[PDB]
Amino acid sequence: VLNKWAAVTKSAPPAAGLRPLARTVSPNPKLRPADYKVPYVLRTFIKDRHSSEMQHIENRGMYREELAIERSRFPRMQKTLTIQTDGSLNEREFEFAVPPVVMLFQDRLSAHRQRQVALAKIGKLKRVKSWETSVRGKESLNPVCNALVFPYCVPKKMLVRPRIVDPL
Amino acid sequence: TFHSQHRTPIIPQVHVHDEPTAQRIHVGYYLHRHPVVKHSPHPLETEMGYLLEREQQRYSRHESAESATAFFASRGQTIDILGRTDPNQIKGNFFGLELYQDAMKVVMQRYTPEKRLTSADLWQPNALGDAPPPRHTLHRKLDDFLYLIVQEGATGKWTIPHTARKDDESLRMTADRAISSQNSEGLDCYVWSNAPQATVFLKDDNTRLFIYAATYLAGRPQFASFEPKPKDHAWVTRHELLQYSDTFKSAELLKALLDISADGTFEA
Amino acid sequence: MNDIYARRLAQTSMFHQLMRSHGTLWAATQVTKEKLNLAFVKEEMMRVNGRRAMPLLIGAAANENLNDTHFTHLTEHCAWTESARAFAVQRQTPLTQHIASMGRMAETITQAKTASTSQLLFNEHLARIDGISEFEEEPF
Amino acid sequence: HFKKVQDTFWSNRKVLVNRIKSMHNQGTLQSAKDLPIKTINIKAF
Amino acid sequence: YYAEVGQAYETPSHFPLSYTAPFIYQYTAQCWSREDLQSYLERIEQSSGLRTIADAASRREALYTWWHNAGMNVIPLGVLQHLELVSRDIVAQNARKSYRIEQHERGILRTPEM
Amino acid sequence: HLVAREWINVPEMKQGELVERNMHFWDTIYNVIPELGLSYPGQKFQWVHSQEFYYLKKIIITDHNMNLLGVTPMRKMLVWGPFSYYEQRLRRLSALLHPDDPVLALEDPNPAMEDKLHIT
Amino acid sequence: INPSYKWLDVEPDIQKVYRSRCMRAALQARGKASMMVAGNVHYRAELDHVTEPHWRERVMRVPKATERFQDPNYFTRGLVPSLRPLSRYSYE
Amino acid sequence: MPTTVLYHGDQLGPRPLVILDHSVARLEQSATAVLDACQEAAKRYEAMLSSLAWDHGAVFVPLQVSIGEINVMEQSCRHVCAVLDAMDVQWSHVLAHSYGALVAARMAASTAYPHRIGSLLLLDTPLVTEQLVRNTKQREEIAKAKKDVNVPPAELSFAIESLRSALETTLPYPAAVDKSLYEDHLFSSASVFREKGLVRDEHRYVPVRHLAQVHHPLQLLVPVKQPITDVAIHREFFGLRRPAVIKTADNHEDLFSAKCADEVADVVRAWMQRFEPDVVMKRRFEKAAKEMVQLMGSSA
Amino acid sequence: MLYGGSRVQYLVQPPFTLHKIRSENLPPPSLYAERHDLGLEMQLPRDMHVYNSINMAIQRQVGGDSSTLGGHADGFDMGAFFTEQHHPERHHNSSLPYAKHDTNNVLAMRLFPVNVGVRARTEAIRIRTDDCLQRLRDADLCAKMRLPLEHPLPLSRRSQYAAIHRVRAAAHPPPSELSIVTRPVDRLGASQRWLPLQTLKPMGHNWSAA
Amino acid sequence: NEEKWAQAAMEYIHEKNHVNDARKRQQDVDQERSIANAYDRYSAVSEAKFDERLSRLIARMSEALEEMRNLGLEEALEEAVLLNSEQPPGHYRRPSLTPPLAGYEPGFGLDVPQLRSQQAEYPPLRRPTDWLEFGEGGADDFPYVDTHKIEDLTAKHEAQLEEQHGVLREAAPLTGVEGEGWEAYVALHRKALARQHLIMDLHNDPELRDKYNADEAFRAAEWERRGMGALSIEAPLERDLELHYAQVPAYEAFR
Amino acid sequence: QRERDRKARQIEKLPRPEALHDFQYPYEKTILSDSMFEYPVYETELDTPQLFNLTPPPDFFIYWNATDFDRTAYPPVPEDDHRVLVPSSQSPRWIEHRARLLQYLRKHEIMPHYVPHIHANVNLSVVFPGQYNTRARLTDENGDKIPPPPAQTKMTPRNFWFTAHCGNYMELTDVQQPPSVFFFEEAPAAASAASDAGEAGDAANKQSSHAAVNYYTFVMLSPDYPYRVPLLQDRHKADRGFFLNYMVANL
Amino acid sequence: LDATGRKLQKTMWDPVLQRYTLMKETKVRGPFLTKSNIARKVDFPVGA
């Protein structure tokens, strides 16, 4: 540092309040921290640094005069009419270039109307009946409990019974 | 979503094996029809549509790019199968299958969408201001739910088709045959739970009814074949069920029916 | 106004999808002795339907293994069939579901580009919107 | 600064999978965990 | 004044307050005669509900509030914050002594100079 | 600092005759600073408000206003009261500057030569 | 923790220590000073343990990556005064 | 709840038009003479509705004034929202000409009844007046300026006198009958504001800040000639939409003539055909029809 | 949220809760914190005798650290220290920002024409300051004597009649004594001729030490 | 030719914190603020009238399961409380904008054999129970696993979600509504797995089950040691209020 | 073993190209919050701290007219004004106001040094006759000397910021008139419960001042004559009294 | 390494001007103010 008494002294150094020093990772692989992984965030280069450095903050919690719509996540959704196989007209949206009204095959009902007539091949279309299921295959054991309710399961002395088998 | 059964097994219900001395117990099923069309849009909500669809647009993930193709086009890298960049002609022949184009040009000249308002719902006051009108059309109103209330040929009051519980059956099995028998297996019903939906203790017959919510899918509800010797049925909404309150069987049961009754509206 | 359709089509299902679910909750709230009321079922109903999808590039984000139990497919309502934005919350958008796997290398670029086209992402998407989809009966 | 770090990932990736295809080829049974980025499933390659 | 020096306050923490006066003084002569403190360090014991060195370390709030609403004319609060500085030391050291004796049984065995 | 108004009475000649046109100076700033429109929830505490003109830190708007409740302390500089305790820190800094250093820069109508763009 | 890693403390007040040393060394001359002082070199091993008896566990405890990055929403809701994610190591 | 209604069409549909008018009378008297009272009001609408063949039927509800103080507004809403329950209808478009307007603007504003009013068309009724709004925005600033103490009382005193010396008129009454009510209860100038000019108890009709909330799609009908309800102010409050004008009518009460009965309906029917779902749907698919074919025309 | 991500109700964010300050908790009004909060040319080097000053090898990591004392005891992490200490920037510069160094009058390095070369500026910000020192001494000398201000305050008047010894506070003169006119030649009413304090030549030094 | 498609594709994934609109003005950005509040003012009574109905639906179902227990149908409970796994069949319809057409076939009989295909679904759904059936030690009575395979399966996720939620708090942080929407969804799982971890500890231990059910402040203490709590939804102060001048946005105000 | 572990060490020599969601959280991204960026909101503005602890107007556009010179930027009035409280020993507000006042005195060098043993007992409020004047003057329009405002008769919001509070500021123009002294005391009571006196206290013939402490004397004296000197300078190196402004007795 | 075909540029305190200005790279040997570093005259947008 040059003081007042130096053989040569310099003019005004810059007050640091303008053009500040960004505290960013040193390129030296020893002077970067541990958790730091090379930032391969692939992104469309935003030119003006007003909109560039903005990415480097996370201000989804800060108060907003606007309404808190979940933004910059839902890409851009083009509505188009989808005429279901039974003509029931829905309306849904997609992000890419979808045309207007899209004719639809292979709907929900058509699949069910497919499984039935295919189950009509084996003739089992009609139904399996509970009260008529005098089939009483079971067993009761002590340390057993349902598994389909895993988050809210309960253990007790539970009767065991086989599932239904549907050929399809 | 109401996903398909991915791999979830179906654990059936089973005849019980220890006779618990079954008592006075009936099992009724509160049949209703899924909404056929969507909630009639309140004009405020349409004024909310021009809000979100504006904001959800001007804050798109990629603002200027008109779509995914319109974005992907700007690099010359396509997404579609056939490799078309100009997204106007991807809209003309979306699928690379020209038979589909045939399957369209017929529709866009012949198709005319159906009318949401059923003329069964152009109700006329000259019919009468009397006890509720005969409302038999299951095509009545496609916005709301349509519940089944049935009056017996016994005392005229209204009831839910209800039958007693045999000894070794559960309460889903009873409710399962409770409809299939009274329709000769001529209905496609769907009981949601494996346990009742409501409960009403009677003092007249001491009887304990277990309501069950089931959804009509298909099948003509042959009524004179029902158990409670019915006079005529009624497919009424959760709302006008208050209209039968005068002729209705049990004030203990009416509100115990409105309280499990769904609605496509929830403005009540 | 696809959401204001979805929202008003979840309440009529969270009504039913609770009717089938109150039992299994009643069994559990009998031994924990917690109170089974609106203040309990709502907490349940949120952990099954609402699932903010994480950016799909973390690996652990794509590995969410809790909202596809045999249960969470039963009490889950139909929210993400009525609007794709409700779908881009729970899962990611039908294309970003693909590109991200190629991003985290779970599928080669060639596996993405061909199978991530505007057409397949259409007929495939409208399978989940219907629930008519291929399974793997013996998952490996 | 940007353009140099976006392109490298594409050469830095092709260095990985090419060399790991070989480092699988050499008989080195390389599960999905021991290697740097776990989410890859080599059987997809 | 009391902790950084590390005097051997041999006063167990249950003595009356009047037996922390010989320590407080050695830092406050030129302010109050020694026999004057024994007029302040007794009115504290008489008027307030505090009696012991352990008390004046556990009731520094209850003590001051007494002084504010009862003392304030005689006892200079200089004494109090001095009285609080020793009572938080005599109590401290007795914890360091009582521990030093309780390891010496468990077999740690360190000399006078530790 | 940039002390400027929203409306500036700028003369202009209509049909060869002078007439006053209330100029909307606000549109002059935003063209100069496209940063103010692009507002994100952190920008009022941003370091450099406009990376073009990093010199610019505040824009003192001076427009006579008739509402009773003036602008809230978020957007008004406190200009009343004893701003210090021990010494009005102006008379201290008023010791260091000299009676011969600038206080004004009046623009020049006709400059002596290309250098003298303003007179100090 | 480890007697190999040392800091250099400069405490600004020279009178604050001189006017105690001149006592601490005048008391211990009359045999009236206690040797359990914090500043004693050979006592520091035991001194910490009289006051904080489980300080081993307070530095040995390994923190789960959940609590080390406390819910960022607790920072916007203001519950936690300011999140410090890198200050994780107990230097005591 | 009254039994007296004039249903115009033969049908009643799911969600018909619920037309309101002035507060007909008070049912303190029997329902028979007040029936005649609302029977003449329909004779202004019996004409307009005929041209507007409304596929949902059309209603007319009578409103009573209150025996008391606050029961003027809360009654009429619950009174209206009941006749929507006795008909099995929610979201009914409403017309309005008089005090039958404020009630809609009292329901569509406040909670607990925002789903009964779907639309709201104003025939000639002003909801706010320039004098009433340019004053209330000061009645909010003076409210602070009366409180805060930095303010100089030379400006405060000047701002208060300029607030009473330019006080608010009652809402101009678009009829003759409630000219009582518009000057009796709703805007009793000796009661609606205590501390004269400074605080106005607008909880009886509606606080103006809430008239800055009603986003129920709102429309104003206006005679081209000298109107009541200046358009300049209303566009400021209720969003920048131009109120369609009745280019033939001279003043109010001439909307209902034969000169306009078609277009005062042929612009109202355009309003009902903005929210009826089957209408907007047919213009929707038939849009995409004419949209798609543009892609089949460009295929060559 | 129970609806599957369809954010449609309560979209408007509720404004956050305010975190108040207890103004009584604050430190007392501090004079030494009143002076150096502003930011000026410089203080003295903190040394007449070089002891106690500060070392040049740590003159970079200061600025408000005159007050006695990281997030922890310390380990300095070798990061943000050796990552901020010698940034990629701050090297191969020539003018590091104004840190704590008693270099030339930077308060007057800003106010001066850049036209003049350096060695002729640092010799002219002093002749400016040399006058600002006389203006300050005269005000101290004139006020303490209750005299209305005078400058240059000639040498017979200076040494205020043997530097009167300040009769042995300071007081204004009564407003009868005040007036704008302050030069002694203009006060009484010598030659009133006027000349500037220094000659500014836009010439550049022709000896560069390197 | 491929890595150039991906280079343009992984551009499509990037979510950037982008500015407010430059065309927004304090004259409309409050109008849209006036609309949204005019909506939750509208939808409230449509939601208040919903959760009030589940206050009734639940009342009927609880009091119908507890009646089945007094009517002596004990074993009927343990088969009626069982989870009804049969999903509403494909026959079950989801409503659309317009009703079904009277006899409509896809494209009126213009049938495409391709677009009617049976095709994939992404991703492959693997669930926390596939480590039980379709894994080794093939459980013959799958939906009736032994309890000890649940005391371990649940103990796997609390050792997995606590690790999934470790990285997803540093590697993918996010704040605001989506944040408190992610923590809630997480904390609801660390709670749901906790009551599972609780019933087992309440099951295999025959001591605690009595003193647990003995009083209230114990469970409300024991539940506080299990991490299970009572999630408090933020109360909507939608009331028209004048926000304090310091709570104004943290950006330059609109135009 | 040797070359596999080498290959295992080649895996660590292999690059790790791993696209990230966004920037790494601690090092490049950062989390903003409302706590970081918030205007200082003093919970109570008695000491009038805005005028001293200045903070820059954070915003970019700073609206400063010329008319904002007249306005006397006093703080907003705080409701539950201390001046009307009564100094009972059980009043919850008072206890809060008792310490907060003694909090402010320690902050301003007063309590332990100038006034050593303050027995804060009574709720003193020295209202000044105030006009919110920006400077001493004459009436502008009327061409008249401003009539000296009368002795304050009642405490009020307008007379809030012209009281004597915990260190607040008052423009000297307002204090130019003698101050009105409102003080309320509670400490005198007939007994520890005002009971068993049996009409005693009535036998005290000075009820308003019946006790040996109830005739009060209000002395005002300014320690900073002629200019505010630092405590740590004047506390030790000089012994001079105070500039006695005012002293009423037998209040 | 030739990451930059462009001639380097930076913003640095120009100690003469006391202003942050551009710094275009250039060989270190050579006169730094030649008759090529003259800027063509221009009338500013100021003045009459």
# chains A, B, ... in the order shown; residues from 1 in each chain; ligands from 1

call {"tool": "residues_around", "arguments": {"residues": "residue 127 of chain C", "least_positions_apart": "3", "cutoff": "10 Å", "atoms": "only C-alpha atoms", "output": "list in words"}}
result
residues 106, 107 and 108 of chain A; 121, 122, 123, 124, 130, 131, 132, 133 and 134 of chain C; 118, 119, 120 and 121 of chain J

call {"tool": "write_last_selection", "arguments": {"atoms": "N, CA and C atoms", "output": "compact mmCIF listing (two decimals), in the first residue's frame"}}
result
# COMPACT_ATOMS: atom_id res chain seq x y z
N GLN A 106 -58.71 -45.68 -28.72
CA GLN A 106 -58.14 -46.35 -27.55
C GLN A 106 -58.35 -45.50 -26.29
N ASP A 107 -59.61 -45.33 -25.94
CA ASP A 107 -60.02 -44.58 -24.76
C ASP A 107 -60.08 -45.51 -23.55
N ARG A 108 -60.56 -44.99 -22.42
CA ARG A 108 -60.78 -45.83 -21.26
C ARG A 108 -61.88 -46.85 -21.51
N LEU C 121 -45.26 -38.87 -26.94
CA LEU C 121 -45.67 -38.14 -25.75
C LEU C 121 -47.14 -37.73 -25.79
N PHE C 122 -47.83 -37.95 -26.90
CA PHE C 122 -49.25 -37.67 -26.96
C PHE C 122 -50.08 -38.91 -26.68
N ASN C 123 -49.89 -39.96 -27.48
CA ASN C 123 -50.64 -41.19 -27.25
C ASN C 123 -50.26 -41.84 -25.92
N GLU C 124 -48.99 -41.74 -25.53
CA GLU C 124 -48.58 -42.23 -24.22
C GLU C 124 -49.23 -41.43 -23.10
N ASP C 130 -56.04 -41.83 -18.98
CA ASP C 130 -57.06 -42.86 -18.92
C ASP C 130 -56.77 -43.94 -17.90
N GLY C 131 -55.50 -44.18 -17.60
CA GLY C 131 -55.15 -45.33 -16.80
C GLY C 131 -55.02 -46.61 -17.57
N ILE C 132 -55.01 -46.55 -18.89
CA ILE C 132 -54.85 -47.74 -19.72
C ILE C 132 -53.40 -47.80 -20.20
N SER C 133 -52.60 -48.62 -19.53
CA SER C 133 -51.16 -48.56 -19.74
C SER C 133 -50.59 -49.95 -19.53
N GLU C 134 -49.42 -50.17 -20.12
CA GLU C 134 -48.73 -51.44 -19.94
C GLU C 134 -48.28 -51.56 -18.49
N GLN J 118 -51.68 -50.53 -28.09
CA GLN J 118 -51.40 -50.65 -26.67
C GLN J 118 -49.95 -50.26 -26.45
N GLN J 119 -49.72 -49.15 -25.77
CA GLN J 119 -48.38 -48.62 -25.69
C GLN J 119 -48.00 -48.31 -24.26
N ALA J 120 -46.78 -47.80 -24.13
CA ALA J 120 -46.04 -47.82 -22.88
C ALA J 120 -46.62 -46.84 -21.87
N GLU J 121 -45.92 -46.73 -20.75
CA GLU J 121 -46.15 -45.69 -19.76
C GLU J 121 -44.82 -45.40 -19.08

call {"tool": "closest_atom_pairs", "arguments": {"of": "chain J", "to": "chain K", "cutoff": "10 Å", "atoms": "only C-alpha atoms", "output": "CSV"}}
result
residue,atom,partner,partner_atom,distance
J:10,CA,K:19,CA,8.9
J:13,CA,K:21,CA,8.6
J:14,CA,K:21,CA,7.4
J:15,CA,K:22,CA,7.9
J:16,CA,K:22,CA,8.5
J:169,CA,K:25,CA,9.2
J:170,CA,K:25,CA,6.2
J:171,CA,K:25,CA,6.5
J:172,CA,K:21,CA,7.0
J:173,CA,K:25,CA,7.3
J:174,CA,K:31,CA,8.8
J:175,CA,K:31,CA,8.4
J:176,CA,K:33,CA,9.9
J:244,CA,K:41,CA,10.0
J:245,CA,K:39,CA,9.0
J:246,CA,K:39,CA,5.7
J:247,CA,K:38,CA,7.7
J:248,CA,K:38,CA,9.2
J:249,CA,K:34,CA,9.4
J:250,CA,K:37,CA,7.0
J:251,CA,K:59,CA,7.7
J:252,CA,K:59,CA,6.4
J:253,CA,K:59,CA,8.6

call {"tool": "write_last_selection", "arguments": {"atoms": "C-alpha atoms", "output": "tab-separated table (two decimals), in the first residue's frame"}}
result
chain	number	residue	atom	x	y	z
J	10	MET	CA	-31.79	-30.11	-21.82
J	13	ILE	CA	-35.70	-28.42	-18.83
J	14	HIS	CA	-34.10	-25.31	-17.38
J	15	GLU	CA	-36.35	-23.34	-15.04
J	16	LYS	CA	-35.14	-19.76	-14.65
J	169	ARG	CA	-32.76	-30.11	0.90
J	170	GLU	CA	-29.30	-29.14	-0.37
J	171	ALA	CA	-29.37	-30.36	-3.97
J	172	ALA	CA	-32.89	-29.11	-4.79
J	173	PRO	CA	-33.97	-26.41	-2.33
J	174	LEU	CA	-37.06	-24.34	-2.96
J	175	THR	CA	-39.00	-21.89	-0.85
J	176	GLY	CA	-42.39	-20.26	-0.79
J	244	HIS	CA	-47.74	-1.88	7.11
J	245	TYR	CA	-45.47	0.33	5.03
J	246	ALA	CA	-42.50	-1.94	5.75
J	247	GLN	CA	-44.21	-5.08	4.44
J	248	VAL	CA	-44.31	-3.63	0.92
J	249	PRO	CA	-42.65	-5.76	-1.80
J	250	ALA	CA	-38.87	-6.12	-1.82
J	251	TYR	CA	-38.57	-4.78	-5.36
J	252	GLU	CA	-39.08	-1.51	-7.16
J	253	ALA	CA	-42.81	-0.85	-7.30

call {"tool": "residues_around", "arguments": {"residues": "residue 88 of chain J", "least_positions_apart": "5", "cutoff": "9 Å", "atoms": "only C-alpha atoms", "output": "PyMOL selection string"}}
result
chain B and resi 2-5+190+192

call {"tool": "select_by_dssp", "arguments": {"residues": "segment 32-87 of chain E", "states": "alpha helix (DSSP H)", "output": "ChimeraX atom specification"}}
result
/E:34-47,55-58,60-70,77-87

call {"tool": "residues_around", "arguments": {"residues": "residue 10 of chain D", "least_positions_apart": "3", "cutoff": "12 Å", "atoms": "only C-alpha atoms", "output": "list in words"}}
result
residues 40 and 42 of chain A; 103 and 109 of chain C; 3, 4, 5, 6, 7, 13, 14, 15, 16, 17 and 18 of chain D; 1, 2, 3, 4, 5, 6, 7, 8 and 10 of chain J; 15, 16, 17, 18 and 19 of chain K

call {"tool": "residues_around", "arguments": {"residues": "segment 2-18 of chain L", "least_positions_apart": "2", "cutoff": "8 Å", "atoms": "only C-alpha atoms", "output": "ChimeraX atom specification"}}
result
/A:10-14 /D:4 /I:93,95,114 /L:20-25

call {"tool": "write_last_selection", "arguments": {"atoms": "N, CA, C and O atoms", "output": "PDB file, in the first residue's frame"}}
result
ATOM      1  N   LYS A  10      -0.369   7.728  -5.690  1.00  0.00           N
ATOM      2  CA  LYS A  10      -1.356   7.497  -6.725  1.00  0.00           C
ATOM      3  C   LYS A  10      -2.607   8.315  -6.465  1.00  0.00           C
ATOM      4  O   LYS A  10      -2.828   8.828  -5.369  1.00  0.00           O
ATOM      5  N   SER A  11      -3.439   8.412  -7.496  1.00  0.00           N
ATOM      6  CA  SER A  11      -4.676   9.171  -7.418  1.00  0.00           C
ATOM      7  C   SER A  11      -5.714   8.355  -6.659  1.00  0.00           C
ATOM      8  O   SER A  11      -5.398   7.372  -5.985  1.00  0.00           O
ATOM      9  N   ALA A  12      -6.964   8.760  -6.753  1.00  0.00           N
ATOM     10  CA  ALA A  12      -8.006   8.186  -5.919  1.00  0.00           C
ATOM     11  C   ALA A  12      -8.290   6.738  -6.282  1.00  0.00           C
ATOM     12  O   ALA A  12      -8.711   6.464  -7.410  1.00  0.00           O
ATOM     13  N   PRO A  13      -8.090   5.793  -5.375  1.00  0.00           N
ATOM     14  CA  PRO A  13      -8.523   4.433  -5.623  1.00  0.00           C
ATOM     15  C   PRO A  13     -10.034   4.352  -5.580  1.00  0.00           C
ATOM     16  O   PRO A  13     -10.691   5.230  -5.009  1.00  0.00           O
ATOM     17  N   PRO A  14     -10.631   3.314  -6.158  1.00  0.00           N
ATOM     18  CA  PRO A  14     -12.086   3.299  -6.308  1.00  0.00           C
ATOM     19  C   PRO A  14     -12.763   2.885  -5.015  1.00  0.00           C
ATOM     20  O   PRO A  14     -12.449   1.836  -4.452  1.00  0.00           O
TER      21      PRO A  14
ATOM     22  N   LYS D   4     -17.867 -22.296 -22.984  1.00  0.00           N
ATOM     23  CA  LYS D   4     -16.832 -23.289 -22.751  1.00  0.00           C
ATOM     24  C   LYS D   4     -17.255 -24.335 -21.735  1.00  0.00           C
ATOM     25  O   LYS D   4     -16.701 -25.437 -21.731  1.00  0.00           O
TER      26      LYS D   4
ATOM     27  N   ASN I  93      -4.224  -5.718 -10.854  1.00  0.00           N
ATOM     28  CA  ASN I  93      -4.809  -4.386 -10.811  1.00  0.00           C
ATOM     29  C   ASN I  93      -3.686  -3.390 -10.505  1.00  0.00           C
ATOM     30  O   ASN I  93      -2.525  -3.796 -10.562  1.00  0.00           O
ATOM     31  N   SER I  95      -4.745  -0.311  -8.479  1.00  0.00           N
ATOM     32  CA  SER I  95      -5.402   0.566  -7.523  1.00  0.00           C
ATOM     33  C   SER I  95      -6.382  -0.266  -6.717  1.00  0.00           C
ATOM     34  O   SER I  95      -7.535  -0.445  -7.113  1.00  0.00           O
ATOM     35  N   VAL I 114      -8.781  16.225 -13.097  1.00  0.00           N
ATOM     36  CA  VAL I 114      -7.905  15.163 -13.544  1.00  0.00           C
ATOM     37  C   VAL I 114      -6.890  15.679 -14.543  1.00  0.00           C
ATOM     38  O   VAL I 114      -5.921  14.982 -14.850  1.00  0.00           O
TER      39      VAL I 114
ATOM     40  N   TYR L  20     -13.900   3.577 -14.025  1.00  0.00           N
ATOM     41  CA  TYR L  20     -13.808   2.249 -14.596  1.00  0.00           C
ATOM     42  C   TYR L  20     -14.005   2.344 -16.098  1.00  0.00           C
ATOM     43  O   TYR L  20     -15.030   2.844 -16.563  1.00  0.00           O
ATOM     44  N   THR L  21     -13.015   1.903 -16.861  1.00  0.00           N
ATOM     45  CA  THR L  21     -13.087   1.960 -18.309  1.00  0.00           C
ATOM     46  C   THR L  21     -12.682   0.623 -18.900  1.00  0.00           C
ATOM     47  O   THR L  21     -12.212  -0.271 -18.196  1.00  0.00           O
ATOM     48  N   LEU L  22     -12.873   0.489 -20.208  1.00  0.00           N
ATOM     49  CA  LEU L  22     -12.463  -0.729 -20.888  1.00  0.00           C
ATOM     50  C   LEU L  22     -10.960  -0.881 -20.877  1.00  0.00           C
ATOM     51  O   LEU L  22     -10.222   0.100 -20.790  1.00  0.00           O
ATOM     52  N   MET L  23     -10.513  -2.124 -20.954  1.00  0.00           N
ATOM     53  CA  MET L  23      -9.111  -2.454 -21.126  1.00  0.00           C
ATOM     54  C   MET L  23      -9.016  -3.471 -22.248  1.00  0.00           C
ATOM     55  O   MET L  23      -9.274  -4.655 -22.030  1.00  0.00           O
ATOM     56  N   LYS L  24      -8.674  -3.019 -23.441  1.00  0.00           N
ATOM     57  CA  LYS L  24      -8.447  -3.918 -24.560  1.00  0.00           C
ATOM     58  C   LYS L  24      -7.025  -4.441 -24.465  1.00  0.00           C
ATOM     59  O   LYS L  24      -6.109  -3.680 -24.152  1.00  0.00           O
ATOM     60  N   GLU L  25      -6.839  -5.729 -24.717  1.00  0.00           N
ATOM     61  CA  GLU L  25      -5.497  -6.279 -24.629  1.00  0.00           C
ATOM     62  C   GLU L  25      -4.647  -5.771 -25.780  1.00  0.00           C
ATOM     63  O   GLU L  25      -5.157  -5.352 -26.819  1.00  0.00           O
TER      64      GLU L  25
END

call {"tool": "interface_residues", "arguments": {"of": "chain L", "to": "chain F", "cutoff": "10 Å", "atoms": "only C-alpha atoms", "output": "PyMOL selection string"}}
result
chain L and resi 41-44+46-48

call {"tool": "write_last_selection", "arguments": {"atoms": "C-alpha atoms", "output": "PDB file, in the first residue's frame"}}
result
ATOM      1  CA  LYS L  41     -14.263  14.029 -33.912  1.00  0.00           C
ATOM      2  CA  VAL L  42     -17.987  13.927 -33.209  1.00  0.00           C
ATOM      3  CA  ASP L  43     -20.561  16.485 -32.123  1.00  0.00           C
ATOM      4  CA  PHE L  44     -22.120  15.231 -28.927  1.00  0.00           C
ATOM      5  CA  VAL L  46     -25.312  18.140 -26.091  1.00  0.00           C
ATOM      6  CA  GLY L  47     -24.900  21.783 -26.989  1.00  0.00           C
ATOM      7  CA  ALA L  48     -26.952  23.967 -29.266  1.00  0.00           C
TER       8      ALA L  48
END

call {"tool": "interface_residues", "arguments": {"of": "chain K", "to": "chain I", "cutoff": "8 Å", "atoms": "only C-alpha atoms", "output": "PyMOL selection string"}}
result
chain K and resi 34-35+40-45+47+49+100+103-104+107-109+230

call {"tool": "residues_around", "arguments": {"residues": "residue 41 of chain C", "least_positions_apart": "3", "cutoff": "9 Å", "atoms": "only C-alpha atoms", "output": "list in words"}}
result
residues 18, 22, 25, 36, 37, 38, 44, 45 and 46 of chain C

call {"tool": "select_by_dssp", "arguments": {"residues": "segment 64-175 of chain K", "states": "strand (DSSP E)", "output": "ChimeraX atom specification"}}
result
/K:123-127,138-139,144-145

call {"tool": "residues_around", "arguments": {"residues": "segment 129-139 of chain I", "least_positions_apart": "3", "cutoff": "7 Å", "atoms": "only C-alpha atoms", "output": "MDAnalysis selection string"}}
result
(chainID F and resid 95:96 98) or (chainID I and resid 125:126 142:143 149:151 153)
